[PDB]
Amino acid sequence: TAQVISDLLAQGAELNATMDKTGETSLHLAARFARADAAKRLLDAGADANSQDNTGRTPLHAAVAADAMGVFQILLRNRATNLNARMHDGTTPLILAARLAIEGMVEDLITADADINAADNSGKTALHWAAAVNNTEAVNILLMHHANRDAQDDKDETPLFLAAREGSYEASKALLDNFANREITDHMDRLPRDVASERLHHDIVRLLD
Ligand SMILES: [Mg+2]
């Protein structure tokens, strides 16, 4: 016990330089550097699974961003872990997994019952983001689990609108095949077809037609 505590305090001191710049805790680092072993030790030592760093990330956000599947599962099995924790900009772990295209975690968070329709501060859901970066796999998983397909962000943009706007051909087709409404316009009455045409995304324009 003395050995465990003394080590934690010693390691903590050597890592404070880093943590003072990021606002992270030892658990954040375990997640960021993918150390499943260290992650368990810290949680058993009483580490707060929901502590936030300078951008509002909890160790769960960190695990997703670093694709630390081990630490991720260790956090998911921890009942105190808030799966819907929000970064300062409103980003949840599921939104991060979709936007960063981290494999496996989109399905895991959904299965673990994370709020599938949560949106960041710009009104964008995990589905909005998956569409924007053409993470077609996440788009299909989200849709299979009934994510709101026609959800609109603060600019009234639907995921289909973003896929058209950002040139995500595969994601656009996936949304259309799942009956996303292509007639829902943004705050400027622009159709997904309009923004695609304006940006010369002819392939997506044909798709919408
Ligand atoms: Mg899995």
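Any read-out appearing in this document is the output of simple, stated calculations on the displayed coordinates, not a laboratory observation. Cβ coordinates were reconstructed from backbone atoms using ideal geometry, including for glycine residues, and neighbour counts include every protein chain displayed.
Of note:
- Length gained on full extension, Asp115 to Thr22, computed as 0.36 nm times the residue gap minus the Cα-Cα distance: 30.8 nm.
- Rough spin-label spacing in nm, given labels placed 7 Å along Cα→Cβ, for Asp154 and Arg79: 3.7
- The chain - mean residue ellipticity at 222 nm from DSSP helices (-39,500 (n - 2.57) per run, n ≥ 4, rounded to 500): -15000 deg cm²/dmol
- Estimated FRET transfer efficiency when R0 is 41 angstrom, pair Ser6-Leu200 (beta carbons, to 0.05): 0.05
- Relative pair counts by distance (%), Cα atoms of the chain, 5 Å bins: 1, 8, 15, 17, 16, 12, 10, 8, 6, 4, 2, 1, 1, 0
- Each of the peptides 83-90, 20-27, 191-198 was scored by the mean count of other Cβ atoms within 10 Å over its residues; in descending order, highest first, they stand as 191-198, 20-27, 83-90.
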